[PDB]
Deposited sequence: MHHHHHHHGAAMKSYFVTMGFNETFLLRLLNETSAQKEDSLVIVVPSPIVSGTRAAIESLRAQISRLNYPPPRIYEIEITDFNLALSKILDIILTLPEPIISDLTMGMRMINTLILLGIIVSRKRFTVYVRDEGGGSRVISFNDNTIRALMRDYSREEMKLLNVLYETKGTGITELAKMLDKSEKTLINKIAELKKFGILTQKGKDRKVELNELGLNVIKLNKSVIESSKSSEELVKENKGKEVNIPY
């Protein structure tokens, strides 16, 4: 099971593409936040979506309409929704008002729940970026000086095997293997040569 958590603009096909591409199930949660009042273009898009859910075996969407007066009051309503959603939360920030998308994104990040976010080229095509809760945790984690010395050696060597890495770092092979396991769980390196990935390069840039 899955949740979808989006805000609707005037174009339901962004969401239909998301539901189709991530194999939406009838039993998933589909929650759509809209501003108050719901304007004519948004109502048409939601009603068009509703006219497809039976044919496509999708859940009926649950619409939340929210007044936006300031950041914190609106974030409270978004957080209330988020904290009830089954995980993972699937989000696609390509659709709907930027104010609400900003709330959704900050909300899912500070909630610490599991999520995947997509952001695409609005005008279509192939450009797309994506990230998840593990991406954000890795970038926001506090790294010890010993961890940073490990990562910085990997940055300099562009990859080293465990045996040679242990000798270079003056670490037990047993204790280095445990740290490598702890760090790959954050998704910042790969492996019997250990190597940084792109996310690990960003970690190094933040802790320089």
Subject >> Missing stretches, numbered from 1 on the deposited chain sequence and kept in order >> reply: 1-11, 203-206, 224-248
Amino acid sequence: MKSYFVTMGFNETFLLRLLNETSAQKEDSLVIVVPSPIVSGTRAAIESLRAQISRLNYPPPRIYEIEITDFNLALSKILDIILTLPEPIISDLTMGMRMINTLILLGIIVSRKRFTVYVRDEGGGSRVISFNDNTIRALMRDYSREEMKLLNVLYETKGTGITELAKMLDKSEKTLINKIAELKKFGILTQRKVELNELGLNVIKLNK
From here on, numbers count along this sequence of modelled residues.
Subject >> 98-106 set against 115-123, stretch whose average Cα temperature factor tops the other in the entry >> reply: 115-123
Original post:
Once you work out the mean C-alpha B-factor for both 134-142 and 70-78 from the entry, which is higher?
Top reply: 134-142
**OP:** Please pick out which of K149, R43, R55, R50 has the largest Cα B-factor as recorded in the entry.
**Re:** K149
**OP:** Could you tell me which third, lowest, middle or highest, the C-alpha B-factor of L93 occupies within its chain?
**Re:** lowest
Original post:
Compared with the other modelled residues in the chain, in which third is the CA B-factor of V194?
Top reply: highest
Original post:
In terms of the chain's CA B-factor thirds, is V203 lowest, middle or highest?
Top reply: middle
**OP:** Report the third (lowest, middle or highest) to which the CA temperature factor of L169 belongs, ranking only the modelled residues of the same chain.
**Re:** highest
**OP:** Just say lowest, middle or highest third for the CA B-factor of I38 relative to the other modelled residues in its chain.
**Re:** middle
